[PDB]
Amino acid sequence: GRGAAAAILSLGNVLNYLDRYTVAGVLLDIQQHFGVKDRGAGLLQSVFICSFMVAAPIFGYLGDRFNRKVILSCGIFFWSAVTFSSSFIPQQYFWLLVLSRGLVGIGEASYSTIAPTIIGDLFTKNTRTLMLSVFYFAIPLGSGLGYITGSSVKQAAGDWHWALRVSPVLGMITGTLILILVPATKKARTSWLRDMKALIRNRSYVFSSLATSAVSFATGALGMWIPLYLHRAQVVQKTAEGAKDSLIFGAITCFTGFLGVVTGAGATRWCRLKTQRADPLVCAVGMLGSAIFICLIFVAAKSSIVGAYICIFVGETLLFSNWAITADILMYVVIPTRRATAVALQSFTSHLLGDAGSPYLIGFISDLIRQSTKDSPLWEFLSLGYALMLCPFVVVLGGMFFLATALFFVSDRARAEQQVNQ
């Protein structure tokens, strides 16, 4: 009953992230077929994330206006149909694909905002901790499966459109299953405005919000431009493959996400006993290590793709570890009454600052570098590498933000406790 409901919800989340990251696996094919440059490639994910972040709050308000199950199922159908329609688009028109990506982002935001409430409502007896943890595990597996499925469908069918055609068919079924296995779950604006007005004064919360914004920026840009960068490295070198590269990247991504969550949680646990501020400090250490390895990838790639893959592995491990700890930092620094507003504000801020227009930023820098210079495989590879060299700096800045959050942690916890008393 309820267990099958949460199972189908987790499958829907996996398919959600699969649809989200399918485009990255065949970005090269899409770019070659549509005759667009790195800027046009960026536009896709930029508009997608923009629509997602703008939609999540309106979908929360739809949730407290309408039923959760109805919203979530109508969403599923919506983005599945939109993805299938996007698969069937003439090459003459490209903005149609951007609009389809935006609509899919709207739907995926609806899901990401509605499903957690359904999971929480299903179980209240402390099983929801584990079931929500399953929901969270659905994320890295979802992204890895997106990469792998896109690459494999492209390699088998020989045409990229099929990559966008297969997933909707899987999605529609899950939607029909969502209603079948999941039972139905069972002034304020002024208060929220005061909540924001007093949250902006929270130093540690603001610094953690900036840090997670840098995290989102780096994650989005790198996860979207790594496949193209690897294929460019291969074409520069005498011997080249691209589906296998995306397969390896997706496998590494999911495995590193799981291992990184585990290692981050554990390491912050052992570090707590040494000193308070352990969670921000371990976040900063992980961020800095991720920056070092994301900088080393550019030196390793030209020598060999495999070295770049190990660098990807390490950087992904750390950059995924930091999430589970920044979450705990957030829930420490903010009081219960005002935790929902703080979570929504942090999510929107992270999406806007990072992963919203970041792919377009990388693509625009790469296009500028290619335009100023002559265009050829080596120039393309070097330009994309230089454009990606911006992400390590953002990761270092996020580590500095985590350090700042560390500096003002105990006093903010004291304020939170003294406010909780009353």
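For every residue, the number given is its place in the sequence shown, counted from 1. In this text, the rigid core denotes the largest set of C-alpha atoms whose superposition between the two forms falls within 1.5 Å.
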The stretch that moves more in 4 other deposited structures of this protein, judged by RMS C-alpha distance from this form after core superposition, 286-294 or 140-148, is 140-148
Can you check whether 318-326 or 116-124 lies farther from the displayed model in 4 other deposited structures of this protein, averaging C-alpha distances as RMS after superposing on the core?
116-124
For the other entries of this protein included in the comparison (both sides of the residue modelled), is residue 241 absent in a third of them or more?
yes
In at least one third of the other PDB entries compared, is residue 188 left unmodelled?
yes
Here the number of deposited-sequence residues unresolved in the coordinates between residue 125 and residue 126 is none
As the entry stands, the deposited residues without coordinates between residue 241 and residue 242 add up to 4 to 9
